[PDB]
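So this first bit is one chain, no partners, the form deposited without 2(S)-amino-6-boronohexanoic acid (ABH), shown in structure tokens.
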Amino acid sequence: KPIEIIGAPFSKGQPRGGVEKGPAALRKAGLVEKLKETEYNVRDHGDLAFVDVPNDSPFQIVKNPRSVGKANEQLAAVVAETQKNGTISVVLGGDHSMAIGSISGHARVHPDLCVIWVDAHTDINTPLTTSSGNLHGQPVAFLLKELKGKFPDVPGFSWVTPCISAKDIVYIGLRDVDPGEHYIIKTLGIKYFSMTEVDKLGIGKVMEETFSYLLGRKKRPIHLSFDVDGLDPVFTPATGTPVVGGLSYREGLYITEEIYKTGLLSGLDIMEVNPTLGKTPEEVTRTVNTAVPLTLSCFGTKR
């Protein structure tokens, strides 16, 4: 019933900067201030202070493992708290590597949850199949019981227990998948609706279906990791990796009002806002601005 707002600023998951400024960007935008005005009660944990291991030299083809891993663990036990104390966590990131912390954190208390992952990418590459060492595209890989020990144990991710299986995760908005990831998602059986599916049925059904899949068997807590990169860049241009032809501002909101409407959202992530990849303020004012109504939409705001 009450929202705790965590700030998990972090760039280490990928090679560009400013991503750790994403949380301050949205707070300056008046997020918490505009959140207070819902039927919900808002507490503000502030931004975590990430422990940076000196020379945590890249492991195999994966950069910054010890700095990211330590960095998630802190997040994990901060989220497992808020949850325990009966509140809904909202993590303002940060790379999408923060999902490993956010979900392990959410899953310790609520271990029956499902994860509806609105991103343009699967973000599911094992430290093996990774092309770009960047862990920010391996989150799901790390949190899937079905892929355990399918990529040599990354150093500092040992605290990590394979949270979730392929049957409790759905992807919406996919349009830029790496072969290997397709090999995984397709061969692992992971349900999903990429841009084409959305095109053939429109979010109306897309949503009607992710629910008849996930909440079908039983109603359970919902964890939603919104990667701001899966909206169309015309909307959220200030991201690190923008692919064209995504969801629209109208579509993003329709996702949030529906998940809101179920009454089971116990966890949300507003990952990827990079206030320094936006040529011009307007572009930035546009990303931040649309990032925020998705948050608010998940908490009551209708049209």
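Numbers follow the displayed sequence, beginning with 1.
- Item | Given 156-164 and 68-76, the range whose Cα B-factors average higher in the PDB entry | If you average the C-alpha B-factors of 156-164 and of 68-76, the larger mean comes out for 156-164.
- Look up the CA B-factors in the entry and say which stretch, 5-13 or 286-294, has the higher mean. Per the PDB record, 5-13.
- Query: In this PDB entry, which of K191, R108, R175, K148 has the top CA B-factor?
  - Reply: Across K191, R108, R175, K148, the entry lists the biggest C-alpha B-factor for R108.
- Task: Would you mind checking which of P139, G133, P221, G204 has the top Cα temperature factor in the PDB entry?
- Result: Comparing C-alpha B-factors across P139, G133, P221, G204, the maximum falls on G204.
- Which third, lowest, middle or highest, does the CA B-factor of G240 fall in along this chain? Lowest third - that is where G240 ends up once the chain's C-alpha B-factors are sorted.
- Query: Which third of the chain does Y260 land in by C-alpha B-factor: lowest, middle or highest?
  - Reply: Answer is highest: the recorded C-alpha B-factor places it there.
- Task: Check where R250 lands among this chain's C-alpha B-factors and tell me if it's the lowest, middle or highest third.
- Result: For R250, the deposited C-alpha B-factor lands in the middle third.
- For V42, return the chain-relative third of its C-alpha B-factor as stated in the PDB record: lowest, middle or highest. It belongs to the middle third of the chain when residues are ordered by C-alpha B-factor.
- Consider only the C-alpha atoms of the modelled residues in this chain, order them by B-factor as the entry records it, and name the third containing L35: lowest, middle or highest. As the PDB entry reports it, the C-alpha B-factor of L35 lands in the lowest third of its chain.
Heads up, the form deposited with 2(S)-amino-6-boronohexanoic acid (ABH) bound isn't pictured, but that's what we're talking about next.
- Message: Given a 4.5 Å cut-off on heavy atoms, tell me which of 123-131, 183-191, 72-80, 209-217 is the interface stretch with 2(S)-amino-6-boronohexanoic acid (ABH) in the deposited bound form.
- Response: Checking each option against the 4.5 Å cut-off leaves 123-131.
- Should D269 be classed as touching 2(S)-amino-6-boronohexanoic acid (ABH) in the deposited bound form when contacts are defined as heavy atoms within 4.5 Å? Because no heavy atom of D269 falls inside 4.5 Å of 2(S)-amino-6-boronohexanoic acid (ABH) in the deposited bound form, the answer is no.
- Query: Looking in the deposited bound form, any heavy atom of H96 within 4.5 Å of 2(S)-amino-6-boronohexanoic acid (ABH)?
  - Reply: Within the cut-off, so yes.
- Task: Considering only heavy atoms, tell me if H136 and 2(S)-amino-6-boronohexanoic acid (ABH) come within 4.5 Å of each other in the deposited bound form.
- Result: Close contact exists here: in the deposited bound form, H136 approaches 2(S)-amino-6-boronohexanoic acid (ABH) to within 4.5 Å, heavy atoms only.
- Task: Check whether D178 has any heavy atom within 4.5 Å of a heavy atom of 2(S)-amino-6-boronohexanoic acid (ABH) in the deposited bound form, and answer yes or no.
- Result: Output for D178 is yes: heavy atoms within 4.5 Å of 2(S)-amino-6-boronohexanoic acid (ABH).
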